[PDB]
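Just the one chain here, the form deposited without the partner chain, laid out as structure tokens.
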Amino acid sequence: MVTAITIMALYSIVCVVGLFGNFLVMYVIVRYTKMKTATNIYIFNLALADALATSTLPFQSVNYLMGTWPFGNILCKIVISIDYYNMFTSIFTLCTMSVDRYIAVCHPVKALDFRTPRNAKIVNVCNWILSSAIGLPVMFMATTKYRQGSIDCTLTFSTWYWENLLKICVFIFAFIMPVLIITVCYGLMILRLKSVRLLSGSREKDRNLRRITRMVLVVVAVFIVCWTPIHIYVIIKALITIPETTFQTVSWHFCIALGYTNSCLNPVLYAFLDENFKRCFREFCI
């Protein structure tokens, strides 16, 4: 009742803002020649994944409102696969972004050869091909279960071995390891930046390098803050058999809502933190 209406209202507000913002970012990268850079190819992949993530939220809101899933099997298999794709592609795109900024900051002589944009495009295709290994099995499994009370849309496992295994793999490969890679790359970059007078010879090049590096760090931090609580909740629920109570249902939905909310936040940071994006957005609007 009240919870379903609240969810629908917030999801619709996160759906229109997110879809508009991430369409705008992609359009600007395509439209203006100056925008194309290795970092911009990586930012474009992030915003693709967030547009696909936000286009699903109306069906879920209707499902919560009506108590039943009326959209069929195939749309059930697409929505769930997209749910997993969001997590894997987003974490890997941030990881590759951080390694790219590491090569640029610490190995400039050899940074020049490997930072051509085509390399970034191949990197992004490889990221999607890798994420399919987790994504496609989830799509194949998902099903519409005809519960007597109402139709459900869920994942069918062959149960303890096959279900705890999926949750563990998601916790390890799509969370802990990329976070360690990112933390080590930023520790080494912070070491380089603290003790160098100039990073690229030219003063302007130095300032540009430090600005892009800070923007990428802020995006990474925001994503980690939005996604950590749902990840911990899944583990703490698996091992404890929490009793069912109002607090449990409300807290659970709130953590899922935060994780989805992150999809609309990034286009605003691009505009506040990048002069080129801010300029293109103003020129687009006017």
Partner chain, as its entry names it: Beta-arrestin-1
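In this text, rigid core is short for the largest set of C-alphas that superpose within 1.5 Å between two forms. Numbering follows the first chain given and starts at 1.
The same protein has a further form, the form deposited with the partner chain bound, not shown here; the description that follows concerns it.
Contact here is defined as any heavy atom lying within 4.5 Å of the partner chain in the deposited bound form, and by that definition not a single one of 21, 35 and 282 is a contact residue. Although the partner is absent here, residue 39 is a contact residue: one of its heavy atoms lies within 4.5 angstroms of the partner chain in the deposited bound form. When the partner chain is considered in the deposited bound form, residue 215 lines it closely, a heavy atom lying within 4.5 Å. Among heavy atoms of residue 195, some come within 4.5 Å of the partner chain in the deposited bound form.
For residue 211, a non-hydrogen atom is located within 4.5 Å of the partner chain in the deposited bound form, even though that partner is not displayed. For the options 73, 183, 116, 156, the one in contact with the partner chain in the deposited bound form, meaning a heavy atom within 4.5 Å, is 116.
When the partner chain is considered in the deposited bound form, only one residue from 133, 112, 176, 126 comes within 4.5 Å through any heavy atom, namely 112. Residues of 239-278 that come within 4.5 Å of the partner chain in the deposited bound form, judged by any heavy atom, are 275, 276 in sequence order. With the core fitted between this form and the one not shown, just one of 142, 120, 105, 216 shows a Cα displacement of at least 2 Å, namely 216. Relative to the superposed core, residue 66 undergoes a Cα shift of 2 Å or more between this form and the one not shown. Remark: with the core as the superposition reference, the CA shift of residue 231 between this form and the one not shown stays below 2 Å. Core-aligned CA deviation for residue 260 between this form and the one not shown: 2 Å or greater.
Put simply, residue 275 and residue 114 come closer in the deposited bound form: their C-alpha atoms are 3 Å or more nearer than in the form shown. Shown here is a form in which the CA atoms of residue 9 and residue 229 lie at least 3 Å farther apart than they do in the deposited bound form.
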